[PDB]
Amino acid sequence: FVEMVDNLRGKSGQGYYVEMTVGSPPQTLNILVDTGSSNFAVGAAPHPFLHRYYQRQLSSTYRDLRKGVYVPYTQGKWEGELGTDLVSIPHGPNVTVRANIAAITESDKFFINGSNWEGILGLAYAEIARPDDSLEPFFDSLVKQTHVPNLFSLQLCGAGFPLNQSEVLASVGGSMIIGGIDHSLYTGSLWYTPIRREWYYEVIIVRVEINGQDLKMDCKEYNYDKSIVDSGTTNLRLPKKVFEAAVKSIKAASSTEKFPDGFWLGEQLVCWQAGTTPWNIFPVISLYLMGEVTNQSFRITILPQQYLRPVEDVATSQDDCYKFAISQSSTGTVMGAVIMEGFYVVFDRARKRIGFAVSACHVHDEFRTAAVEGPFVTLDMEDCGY
Ligand SMILES: CCCO[C@H]1CN[C@@H]([C@@H](O)[C@H](Cc2cc(F)cc(F)c2)NC(=O)[C@H](CCc2ccccc2)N2CC[C@@](CC(C)C)(NC(C)=O)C2=O)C1
């Protein structure tokens, strides 16, 4: 899928987006790739943060559905008017699809300054779509109206250093492969975990390790409420009971240096002199995931290079600065973009599973690497879900 490769741009903190066209004649828009929602929505009115928007009155194929729509995210909400129109992906499958578009009229803390995207593509399932599950999500529409296979795969590729808008516009941010798996985007083997339920992309975490050390909690706590694979979230988000045990474990391993409480709350950056980031004092994190085979599991391992998110310095100096990108959740585990940055991720909707392999694009050093390994005959499993 050579024509599909390098079709993404962006970064964890501002989001990863793809180019799409909407309307007739085609209107070009950058669209945030969000596997943690199911609405396809674009800015349709002027906004300070938007350099362009969808103009329905200029599209001959636009269809007004005479329905309002409201989507509340965990942080952020927009309001809009439902319609349909022809939709294309210039660096995707060679197809045109008629899709539901929410034309965005009111916005609160949804759009992001400098992000360079004007809409959001909800890749999840109908069950969590607004107004209700009767509104067909884009991917469902695409698969029904075309011969594209019922799968997509994501390579989110973080720089390991801060990128300015000039660089984020010029840089390749990754690949979204629609309908296939591209072998050039990963090393090693793909391991599959089942989709528990087709609403969010929901998974089960069986075990959690920090530098090989079991956090030793009942497996249900790891999936308290739910656990999801979500490109529309920056951080690894952990249920409070898990989060607190993890931060204590990470703090204990990284003890040789001391960090402000606000770093651990994800709010303050820490800087080191250029090139001296002490990655070695920070632990790797392993998430064990339910296998397809009964009583089998595998693990995904990420480095501090995934969970310390590069940020530009307060005075923009030569220092290498980062934010701690693991945070508290009251709505379950969100395996966000910083974890996704470690792996090539296959959303195999047809076979109801999510695949993981080590990203050919992942940031590492000469001493440690991201890993996808198995199998482990861990016991319990089976009531790990909520
Ligand atoms: C079906 C609806 C329910 O789905 C829920 C499960 N899936 C979630 C996503 O669909 C949603 C998409 C989305 C993307 C976007 F750019 C703007 C949006 F408003 C929504 N993301 C989120 O809501 C979290 C909230 C985190 C949070 C949690 C708690 C407190 C503050 C922030 N956000 C938003 C900003 C972002 C996004 C990044 C792309 C720039 N970055 C950072 C640094 O916070 C991130 O992580 C929602």
# chains A, B, ... in the order shown; residues from 1 in each chain; ligands from 1

$ closest_atom_pairs --of "chain A" --to "ligand 1" --cutoff "6 Å" --atoms "only C-alpha atoms and all ligand atoms" --output "Markdown table"
| residue | atom | partner | partner_atom_place_in_ligand_line | distance |
| --- | --- | --- | --- | --- |
| A:13 | CA | ligand 1 | 43 (C) | 4.9 |
| A:14 | CA | ligand 1 | 40 (C) | 4.0 |
| A:15 | CA | ligand 1 | 39 (C) | 3.9 |
| A:34 | CA | ligand 1 | 10 (O) | 5.9 |
| A:36 | CA | ligand 1 | 7 (N) | 3.8 |
| A:37 | CA | ligand 1 | 1 (C) | 4.1 |
| A:72 | CA | ligand 1 | 2 (C) | 6.0 |
| A:73 | CA | ligand 1 | 47 (C) | 4.4 |
| A:74 | CA | ligand 1 | 23 (O) | 3.9 |
| A:75 | CA | ligand 1 | 25 (C) | 4.4 |
| A:76 | CA | ligand 1 | 19 (F) | 3.7 |
| A:77 | CA | ligand 1 | 19 (F) | 5.8 |
| A:109 | CA | ligand 1 | 19 (F) | 5.9 |
| A:110 | CA | ligand 1 | 19 (F) | 3.7 |
| A:128 | CA | ligand 1 | 1 (C) | 5.5 |
| A:232 | CA | ligand 1 | 12 (C) | 4.2 |
| A:233 | CA | ligand 1 | 46 (O) | 3.2 |
| A:234 | CA | ligand 1 | 46 (O) | 4.2 |

$ write_last_selection --atoms "N, CA, C and O atoms" --output "PDB file, in the first residue's frame"
ATOM      1  N   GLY A  13       0.563  15.540  21.189  1.00  0.00           N
ATOM      2  CA  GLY A  13      -0.017  16.656  21.936  1.00  0.00           C
ATOM      3  C   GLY A  13      -1.006  17.512  21.173  1.00  0.00           C
ATOM      4  O   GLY A  13      -1.823  18.199  21.776  1.00  0.00           O
ATOM      5  N   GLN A  14      -0.928  17.477  19.846  1.00  0.00           N
ATOM      6  CA  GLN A  14      -1.862  18.224  19.006  1.00  0.00           C
ATOM      7  C   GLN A  14      -2.727  17.342  18.097  1.00  0.00           C
ATOM      8  O   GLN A  14      -3.702  17.823  17.506  1.00  0.00           O
ATOM      9  N   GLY A  15      -2.370  16.063  17.988  1.00  0.00           N
ATOM     10  CA  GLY A  15      -3.135  15.109  17.199  1.00  0.00           C
ATOM     11  C   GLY A  15      -2.559  14.758  15.841  1.00  0.00           C
ATOM     12  O   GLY A  15      -1.801  15.522  15.262  1.00  0.00           O
ATOM     13  N   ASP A  34      -9.393   9.829  14.973  1.00  0.00           N
ATOM     14  CA  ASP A  34      -9.799   9.534  16.334  1.00  0.00           C
ATOM     15  C   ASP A  34     -10.465   8.180  16.445  1.00  0.00           C
ATOM     16  O   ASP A  34     -11.620   8.021  16.078  1.00  0.00           O
ATOM     17  N   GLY A  36     -11.279   6.858  19.165  1.00  0.00           N
ATOM     18  CA  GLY A  36     -12.035   6.893  20.421  1.00  0.00           C
ATOM     19  C   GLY A  36     -13.362   7.630  20.356  1.00  0.00           C
ATOM     20  O   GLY A  36     -13.902   8.023  21.391  1.00  0.00           O
ATOM     21  N   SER A  37     -13.873   7.826  19.140  1.00  0.00           N
ATOM     22  CA  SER A  37     -15.190   8.418  18.899  1.00  0.00           C
ATOM     23  C   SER A  37     -15.696   7.942  17.536  1.00  0.00           C
ATOM     24  O   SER A  37     -14.971   7.256  16.820  1.00  0.00           O
ATOM     25  N   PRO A  72     -20.261  15.689  23.237  1.00  0.00           N
ATOM     26  CA  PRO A  72     -19.379  15.952  24.369  1.00  0.00           C
ATOM     27  C   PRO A  72     -18.235  14.928  24.480  1.00  0.00           C
ATOM     28  O   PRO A  72     -18.480  13.737  24.654  1.00  0.00           O
ATOM     29  N   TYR A  73     -16.996  15.396  24.368  1.00  0.00           N
ATOM     30  CA  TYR A  73     -15.810  14.554  24.614  1.00  0.00           C
ATOM     31  C   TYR A  73     -15.438  14.659  26.089  1.00  0.00           C
ATOM     32  O   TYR A  73     -16.129  15.322  26.847  1.00  0.00           O
ATOM     33  N   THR A  74     -14.368  14.003  26.514  1.00  0.00           N
ATOM     34  CA  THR A  74     -14.004  14.054  27.925  1.00  0.00           C
ATOM     35  C   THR A  74     -13.601  15.483  28.313  1.00  0.00           C
ATOM     36  O   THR A  74     -14.029  15.998  29.344  1.00  0.00           O
ATOM     37  N   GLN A  75     -12.793  16.119  27.476  1.00  0.00           N
ATOM     38  CA  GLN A  75     -12.562  17.555  27.560  1.00  0.00           C
ATOM     39  C   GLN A  75     -12.866  18.084  26.172  1.00  0.00           C
ATOM     40  O   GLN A  75     -12.220  17.684  25.197  1.00  0.00           O
ATOM     41  N   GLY A  76     -13.864  18.959  26.083  1.00  0.00           N
ATOM     42  CA  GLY A  76     -14.247  19.550  24.809  1.00  0.00           C
ATOM     43  C   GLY A  76     -15.587  19.087  24.275  1.00  0.00           C
ATOM     44  O   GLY A  76     -16.003  17.947  24.496  1.00  0.00           O
ATOM     45  N   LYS A  77     -16.262  19.992  23.571  1.00  0.00           N
ATOM     46  CA  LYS A  77     -17.549  19.713  22.963  1.00  0.00           C
ATOM     47  C   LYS A  77     -17.780  20.608  21.763  1.00  0.00           C
ATOM     48  O   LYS A  77     -17.300  21.742  21.714  1.00  0.00           O
ATOM     49  N   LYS A 109     -13.487  24.421  23.472  1.00  0.00           N
ATOM     50  CA  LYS A 109     -12.228  23.701  23.744  1.00  0.00           C
ATOM     51  C   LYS A 109     -12.088  22.417  22.938  1.00  0.00           C
ATOM     52  O   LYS A 109     -11.556  21.422  23.436  1.00  0.00           O
ATOM     53  N   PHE A 110     -12.582  22.446  21.705  1.00  0.00           N
ATOM     54  CA  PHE A 110     -12.450  21.338  20.778  1.00  0.00           C
ATOM     55  C   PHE A 110     -11.263  21.581  19.850  1.00  0.00           C
ATOM     56  O   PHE A 110     -10.341  20.777  19.783  1.00  0.00           O
ATOM     57  N   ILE A 128     -21.525   4.379  20.025  1.00  0.00           N
ATOM     58  CA  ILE A 128     -21.180   5.616  20.740  1.00  0.00           C
ATOM     59  C   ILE A 128     -21.334   6.895  19.904  1.00  0.00           C
ATOM     60  O   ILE A 128     -21.006   7.988  20.369  1.00  0.00           O
ATOM     61  N   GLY A 232      -7.252   9.550  19.562  1.00  0.00           N
ATOM     62  CA  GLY A 232      -7.724  10.901  19.880  1.00  0.00           C
ATOM     63  C   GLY A 232      -7.403  11.334  21.302  1.00  0.00           C
ATOM     64  O   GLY A 232      -7.860  12.390  21.747  1.00  0.00           O
ATOM     65  N   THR A 233      -6.631  10.511  22.009  1.00  0.00           N
ATOM     66  CA  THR A 233      -6.109  10.879  23.316  1.00  0.00           C
ATOM     67  C   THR A 233      -4.583  10.932  23.288  1.00  0.00           C
ATOM     68  O   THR A 233      -3.929  10.030  22.768  1.00  0.00           O
ATOM     69  N   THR A 234      -4.028  11.993  23.848  1.00  0.00           N
ATOM     70  CA  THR A 234      -2.586  12.179  23.901  1.00  0.00           C
ATOM     71  C   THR A 234      -1.920  11.183  24.841  1.00  0.00           C
ATOM     72  O   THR A 234      -0.998  10.473  24.441  1.00  0.00           O
TER      73      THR A 234
END

$ residues_around --residues "residue A:57" --least-positions-apart "3" --cutoff "12 Å" --atoms "only C-alpha atoms" --output "list in words"
residues 23, 24, 25, 27, 44, 45, 53, 54, 60, 61, 62, 63, 64, 83, 85 and 103 of chain A

$ residues_around --residues "residue A:340" --least-positions-apart "3" --cutoff "9 Å" --atoms "only C-alpha atoms" --output "mmCIF file with N, CA and C atoms, in the first residue's frame"
data_model
loop_
_atom_site.group_PDB
_atom_site.id
_atom_site.type_symbol
_atom_site.label_atom_id
_atom_site.label_comp_id
_atom_site.auth_asym_id
_atom_site.auth_seq_id
_atom_site.Cartn_x
_atom_site.Cartn_y
_atom_site.Cartn_z
ATOM 1 N N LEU A 154 -2.889 1.646 11.948
ATOM 2 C CA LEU A 154 -2.288 2.941 12.249
ATOM 3 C C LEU A 154 -0.818 2.887 12.671
ATOM 4 N N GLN A 155 -0.007 3.728 12.038
ATOM 5 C CA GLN A 155 1.341 3.979 12.503
ATOM 6 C C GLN A 155 1.472 5.440 12.929
ATOM 7 N N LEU A 156 1.425 5.690 14.228
ATOM 8 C CA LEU A 156 1.603 7.043 14.730
ATOM 9 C C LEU A 156 3.073 7.224 15.062
ATOM 10 N N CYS A 157 3.682 8.236 14.486
ATOM 11 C CA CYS A 157 5.106 8.345 14.624
ATOM 12 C C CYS A 157 5.598 9.633 15.224
ATOM 13 N N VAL A 229 -8.340 1.559 22.954
ATOM 14 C CA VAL A 229 -7.240 2.044 22.135
ATOM 15 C C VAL A 229 -7.717 3.278 21.373
ATOM 16 N N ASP A 230 -7.095 4.411 21.667
ATOM 17 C CA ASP A 230 -7.651 5.713 21.321
ATOM 18 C C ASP A 230 -6.587 6.694 20.794
ATOM 19 N N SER A 231 -6.601 6.923 19.480
ATOM 20 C CA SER A 231 -5.665 7.854 18.843
ATOM 21 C C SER A 231 -6.023 9.310 19.117
ATOM 22 N N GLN A 306 8.408 6.855 25.012
ATOM 23 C CA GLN A 306 6.980 6.954 24.714
ATOM 24 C C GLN A 306 6.200 7.746 25.753
ATOM 25 N N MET A 335 -5.565 3.827 26.294
ATOM 26 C CA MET A 335 -4.304 3.616 25.603
ATOM 27 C C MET A 335 -4.234 4.645 24.472
ATOM 28 N N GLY A 336 -3.627 5.782 24.789
ATOM 29 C CA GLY A 336 -3.559 6.904 23.883
ATOM 30 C C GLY A 336 -2.407 6.890 22.903
ATOM 31 N N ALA A 337 -2.220 8.042 22.264
ATOM 32 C CA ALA A 337 -1.271 8.217 21.179
ATOM 33 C C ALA A 337 0.187 7.992 21.582
ATOM 34 N N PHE A 343 3.928 1.367 18.599
ATOM 35 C CA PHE A 343 3.494 0.178 17.863
ATOM 36 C C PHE A 343 2.770 0.461 16.561
ATOM 37 N N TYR A 344 2.770 -0.527 15.682
ATOM 38 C CA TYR A 344 1.892 -0.521 14.536
ATOM 39 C C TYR A 344 0.622 -1.200 15.026
ATOM 40 N N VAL A 345 -0.522 -0.562 14.809
ATOM 41 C CA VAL A 345 -1.760 -1.011 15.431
ATOM 42 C C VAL A 345 -2.821 -1.347 14.391
ATOM 43 N N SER A 359 6.662 -0.723 16.276
ATOM 44 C CA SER A 359 6.710 0.276 15.211
ATOM 45 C C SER A 359 8.114 0.445 14.651
#

$ closest_residue --among "A:94, A:318, A:105, A:301" --to "residue A:210" --atoms "only C-alpha atoms"
A:301

$ residues_around --residues "residue A:224" --least-positions-apart "4" --cutoff "10 Å" --atoms "only C-alpha atoms" --output "list in words"
residues 219, 220, 238, 239, 240, 241, 242, 329, 330, 331, 332, 333, 384, 385 and 386 of chain A

$ closest_residue --among "A:264, A:152, A:200, A:111" --to "residue A:350" --atoms "only C-alpha atoms"
A:152

$ closest_residue --among "A:177, A:170, A:338, A:185" --to "residue A:360" --atoms "only C-alpha atoms"
A:185

$ closest_residue --among "A:300, A:97, A:381, A:65" --to "residue A:22" --atoms "only C-alpha atoms"
A:97

$ select_by_dssp --residues "stretch 19-150 of chain A" --states "helix (DSSP H, G or I)" --output "JSON, numbers by chain"
{"A": [56, 57, 58, 126, 127, 128, 138, 139, 140, 141, 142, 143, 144, 145]}

$ write_last_selection --atoms "C-alpha atoms" --output "PDB file, in the first residue's frame"
ATOM      1  CA  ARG A  56     -22.017  23.567   2.420  1.00  0.00           C
ATOM      2  CA  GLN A  57     -23.538  26.282   0.264  1.00  0.00           C
ATOM      3  CA  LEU A  58     -20.597  25.746  -2.151  1.00  0.00           C
ATOM      4  CA  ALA A 126     -22.080   3.238  15.851  1.00  0.00           C
ATOM      5  CA  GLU A 127     -22.978   2.493  19.452  1.00  0.00           C
ATOM      6  CA  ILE A 128     -21.180   5.616  20.740  1.00  0.00           C
ATOM      7  CA  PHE A 138     -17.692   7.004   8.221  1.00  0.00           C
ATOM      8  CA  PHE A 139     -15.879   3.650   8.195  1.00  0.00           C
ATOM      9  CA  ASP A 140     -19.131   1.724   8.140  1.00  0.00           C
ATOM     10  CA  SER A 141     -20.279   3.871   5.193  1.00  0.00           C
ATOM     11  CA  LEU A 142     -16.937   3.357   3.407  1.00  0.00           C
ATOM     12  CA  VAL A 143     -17.014  -0.441   3.784  1.00  0.00           C
ATOM     13  CA  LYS A 144     -20.675  -0.753   2.691  1.00  0.00           C
ATOM     14  CA  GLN A 145     -20.310   1.455  -0.388  1.00  0.00           C
TER      15      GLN A 145
END

$ residues_around --residues "stretch 28-30 of chain A" --least-positions-apart "5" --cutoff "7 Å" --atoms "only C-alpha atoms" --output "ChimeraX atom specification"
/A:17-22,116-119

$ closest_residue --among "A:291, A:173, A:310, A:43" --to "residue A:204" --atoms "only C-alpha atoms"
A:291

$ select_by_dssp --residues "stretch 14-89 of chain A" --states "strand (DSSP E)" --output "PyMOL selection string"
chain A and resi 15-22+27-34+40-43+63-72+77-88

$ write_last_selection --atoms "N, CA and C atoms" --output "compact mmCIF listing (two decimals), in the first residue's frame"
# COMPACT_ATOMS: atom_id res chain seq x y z
N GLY A 15 -2.37 16.06 17.99
CA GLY A 15 -3.13 15.11 17.20
C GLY A 15 -2.56 14.76 15.84
N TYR A 16 -2.94 13.58 15.35
CA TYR A 16 -2.51 13.08 14.04
C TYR A 16 -3.68 13.16 13.07
N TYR A 17 -3.42 13.73 11.89
CA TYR A 17 -4.48 14.01 10.94
C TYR A 17 -4.20 13.50 9.53
N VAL A 18 -5.28 13.38 8.75
CA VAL A 18 -5.20 12.93 7.37
C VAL A 18 -5.91 13.94 6.47
N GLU A 19 -5.49 14.02 5.22
CA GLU A 19 -6.15 14.88 4.25
C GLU A 19 -7.38 14.17 3.68
N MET A 20 -8.49 14.90 3.65
CA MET A 20 -9.72 14.43 3.04
C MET A 20 -10.31 15.54 2.18
N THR A 21 -11.11 15.16 1.19
CA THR A 21 -11.90 16.15 0.48
C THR A 21 -13.37 15.94 0.78
N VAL A 22 -14.09 17.04 0.91
CA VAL A 22 -15.54 16.99 1.06
C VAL A 22 -16.24 17.89 0.05
N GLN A 27 -13.60 20.03 -1.41
CA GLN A 27 -13.01 20.96 -0.45
C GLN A 27 -12.02 20.20 0.43
N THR A 28 -10.77 20.65 0.41
CA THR A 28 -9.67 20.01 1.11
C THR A 28 -9.67 20.39 2.58
N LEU A 29 -9.61 19.38 3.44
CA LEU A 29 -9.57 19.58 4.89
C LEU A 29 -8.71 18.51 5.58
N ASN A 30 -7.92 18.96 6.55
CA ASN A 30 -7.19 18.07 7.43
C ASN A 30 -8.12 17.59 8.55
N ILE A 31 -8.14 16.28 8.80
CA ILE A 31 -9.09 15.67 9.73
C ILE A 31 -8.36 14.81 10.76
N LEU A 32 -8.55 15.14 12.02
CA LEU A 32 -7.98 14.38 13.13
C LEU A 32 -8.48 12.95 13.11
N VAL A 33 -7.54 12.03 13.27
CA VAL A 33 -7.84 10.61 13.28
C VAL A 33 -8.14 10.20 14.72
N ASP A 34 -9.39 9.83 14.97
CA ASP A 34 -9.80 9.53 16.33
C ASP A 34 -10.46 8.18 16.44
N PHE A 40 -18.13 11.81 12.32
CA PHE A 40 -17.32 12.53 11.35
C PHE A 40 -17.81 13.97 11.28
N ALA A 41 -17.00 14.89 11.80
CA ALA A 41 -17.40 16.28 11.96
C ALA A 41 -16.33 17.29 11.52
N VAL A 42 -16.76 18.37 10.88
CA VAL A 42 -15.85 19.37 10.37
C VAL A 42 -16.33 20.78 10.73
N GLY A 43 -15.39 21.71 10.90
CA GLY A 43 -15.73 23.12 11.12
C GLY A 43 -16.45 23.69 9.91
N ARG A 63 -26.23 17.32 1.22
CA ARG A 63 -27.61 17.00 1.56
C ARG A 63 -27.86 17.39 3.01
N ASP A 64 -28.86 18.24 3.22
CA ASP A 64 -29.24 18.69 4.55
C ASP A 64 -30.18 17.68 5.19
N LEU A 65 -29.85 17.23 6.40
CA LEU A 65 -30.66 16.25 7.11
C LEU A 65 -31.61 16.90 8.10
N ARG A 66 -31.53 18.23 8.21
CA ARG A 66 -32.39 19.02 9.11
C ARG A 66 -32.41 18.47 10.54
N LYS A 67 -31.22 18.19 11.07
CA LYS A 67 -31.08 17.63 12.39
C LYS A 67 -29.88 18.28 13.04
N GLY A 68 -30.01 18.61 14.32
CA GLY A 68 -28.90 19.13 15.10
C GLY A 68 -28.17 17.98 15.77
N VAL A 69 -26.93 18.25 16.16
CA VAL A 69 -26.10 17.24 16.80
C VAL A 69 -25.10 17.86 17.77
N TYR A 70 -24.94 17.19 18.90
CA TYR A 70 -24.08 17.64 19.98
C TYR A 70 -23.19 16.48 20.39
N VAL A 71 -21.88 16.71 20.40
CA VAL A 71 -20.93 15.71 20.89
C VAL A 71 -20.10 16.27 22.04
N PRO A 72 -20.26 15.69 23.24
CA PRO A 72 -19.38 15.95 24.37
C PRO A 72 -18.23 14.93 24.48
N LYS A 77 -16.26 19.99 23.57
CA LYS A 77 -17.55 19.71 22.96
C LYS A 77 -17.78 20.61 21.76
N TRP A 78 -18.50 20.07 20.78
CA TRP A 78 -18.97 20.88 19.67
C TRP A 78 -20.45 20.63 19.40
N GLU A 79 -21.05 21.54 18.65
CA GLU A 79 -22.46 21.49 18.31
C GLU A 79 -22.58 21.68 16.80
N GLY A 80 -23.52 21.00 16.18
CA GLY A 80 -23.57 21.06 14.73
C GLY A 80 -24.87 20.68 14.05
N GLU A 81 -24.83 20.72 12.73
CA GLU A 81 -25.98 20.42 11.91
C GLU A 81 -25.64 19.26 11.00
N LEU A 82 -26.43 18.20 11.10
CA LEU A 82 -26.18 16.98 10.36
C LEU A 82 -26.53 17.08 8.87
N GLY A 83 -25.71 16.43 8.06
CA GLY A 83 -25.88 16.41 6.61
C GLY A 83 -25.13 15.24 6.03
N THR A 84 -25.27 15.03 4.73
CA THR A 84 -24.42 14.08 4.02
C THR A 84 -23.73 14.80 2.87
N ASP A 85 -22.62 14.24 2.41
CA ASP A 85 -21.93 14.74 1.23
C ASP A 85 -20.98 13.67 0.72
N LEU A 86 -20.50 13.85 -0.51
CA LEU A 86 -19.44 13.00 -1.05
C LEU A 86 -18.11 13.29 -0.35
N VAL A 87 -17.36 12.23 -0.06
CA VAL A 87 -16.11 12.32 0.70
C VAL A 87 -15.02 11.45 0.05
N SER A 88 -13.80 11.97 0.01
CA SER A 88 -12.65 11.27 -0.54
C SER A 88 -11.43 11.39 0.37

$ residues_around --residues "residue A:346" --least-positions-apart "6" --cutoff "8 Å" --atoms "only C-alpha atoms" --output "MDAnalysis selection string"
chainID A and resid 151:154 181 354:356

$ write_last_selection --atoms "N, CA and C atoms" --output "short mmCIF file (atom, residue, chain, number, x, y, z; two decimals), in the first residue's frame"
data_model
loop_
_atom_site.label_atom_id
_atom_site.label_comp_id
_atom_site.auth_asym_id
_atom_site.auth_seq_id
_atom_site.Cartn_x
_atom_site.Cartn_y
_atom_site.Cartn_z
N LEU A 151 -11.01 -3.44 7.58
CA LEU A 151 -9.92 -3.19 8.50
C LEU A 151 -9.11 -1.95 8.15
N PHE A 152 -8.55 -1.35 9.19
CA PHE A 152 -7.58 -0.28 9.01
C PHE A 152 -6.46 -0.45 10.04
N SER A 153 -5.32 0.19 9.77
CA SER A 153 -4.17 0.07 10.63
C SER A 153 -3.45 1.40 10.77
N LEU A 154 -2.89 1.65 11.95
CA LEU A 154 -2.29 2.94 12.25
C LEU A 154 -0.82 2.89 12.67
N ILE A 181 -2.70 -4.16 5.75
CA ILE A 181 -1.57 -4.20 6.66
C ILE A 181 -0.31 -4.01 5.81
N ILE A 354 -7.64 -6.49 17.79
CA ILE A 354 -6.65 -5.45 17.59
C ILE A 354 -5.21 -5.98 17.64
N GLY A 355 -4.48 -5.70 16.57
CA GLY A 355 -3.13 -6.18 16.41
C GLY A 355 -2.09 -5.18 16.85
N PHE A 356 -0.99 -5.70 17.38
CA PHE A 356 0.13 -4.90 17.85
C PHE A 356 1.45 -5.50 17.37
#

$ residues_around --residues "residue A:323" --least-positions-apart "4" --cutoff "12 Å" --atoms "only C-alpha atoms" --output "PyMOL selection string"
chain A and resi 12-13+161-162+234-235+259-260+262-271+304-313+327+338

$ atom_distance --atom1 "atom CA of residue A:175" --atom2 "atom CA of residue A:90"
13.1 Å

$ atom_distance --atom1 "atom CA of residue A:321" --atom2 "atom CA of residue A:113"
20.7 Å

$ closest_residue --among "A:383, A:341, A:202, A:365" --to "residue A:158" --atoms "only C-alpha atoms"
A:341

$ atom_distance --atom1 "atom CA of residue A:196" --atom2 "atom CA of residue A:221"
16.1 Å

$ decode --residues "stretch 210-222 of chain A" --atoms "N, CA, C and O atoms" --output "short mmCIF file (atom, residue, chain, number, x, y, z; two decimals), in the first residue's frame"
data_model
loop_
_atom_site.label_atom_id
_atom_site.label_comp_id
_atom_site.auth_asym_id
_atom_site.auth_seq_id
_atom_site.Cartn_x
_atom_site.Cartn_y
_atom_site.Cartn_z
N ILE A 210 6.09 -2.64 35.90
CA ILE A 210 6.96 -1.48 35.83
C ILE A 210 8.37 -2.01 36.07
O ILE A 210 8.66 -2.52 37.15
N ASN A 211 9.25 -1.91 35.06
CA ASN A 211 10.59 -2.51 35.13
C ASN A 211 10.53 -3.96 35.60
O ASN A 211 11.34 -4.39 36.44
N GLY A 212 9.57 -4.71 35.06
CA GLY A 212 9.40 -6.13 35.35
C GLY A 212 8.63 -6.40 36.63
O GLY A 212 8.31 -7.54 36.94
N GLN A 213 8.30 -5.35 37.37
CA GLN A 213 7.66 -5.53 38.66
C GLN A 213 6.14 -5.47 38.54
O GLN A 213 5.58 -4.48 38.06
N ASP A 214 5.49 -6.54 38.97
CA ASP A 214 4.04 -6.61 38.93
C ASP A 214 3.45 -5.61 39.91
O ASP A 214 3.82 -5.59 41.07
N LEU A 215 2.54 -4.78 39.41
CA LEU A 215 1.83 -3.82 40.24
C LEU A 215 0.90 -4.58 41.19
O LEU A 215 0.53 -4.07 42.24
N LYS A 216 0.56 -5.81 40.80
CA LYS A 216 -0.11 -6.79 41.68
C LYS A 216 -1.49 -6.38 42.13
O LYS A 216 -1.82 -6.45 43.31
N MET A 217 -2.30 -5.97 41.17
CA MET A 217 -3.68 -5.61 41.45
C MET A 217 -4.57 -6.65 40.78
O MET A 217 -4.16 -7.32 39.83
N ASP A 218 -5.78 -6.79 41.32
CA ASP A 218 -6.84 -7.54 40.67
C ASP A 218 -6.99 -7.01 39.25
O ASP A 218 -7.07 -5.80 39.05
N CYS A 219 -7.03 -7.91 38.27
CA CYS A 219 -7.02 -7.51 36.87
C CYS A 219 -8.22 -6.66 36.44
O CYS A 219 -8.15 -5.92 35.46
N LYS A 220 -9.31 -6.74 37.20
CA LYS A 220 -10.50 -5.92 36.92
C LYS A 220 -10.22 -4.43 37.11
O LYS A 220 -10.85 -3.60 36.45
N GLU A 221 -9.28 -4.10 37.98
CA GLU A 221 -8.94 -2.69 38.27
C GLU A 221 -8.29 -2.00 37.06
O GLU A 221 -8.48 -0.81 36.84
N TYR A 222 -7.55 -2.77 36.28
CA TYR A 222 -6.87 -2.26 35.10
C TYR A 222 -7.87 -1.85 34.01
O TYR A 222 -7.58 -0.98 33.18
#
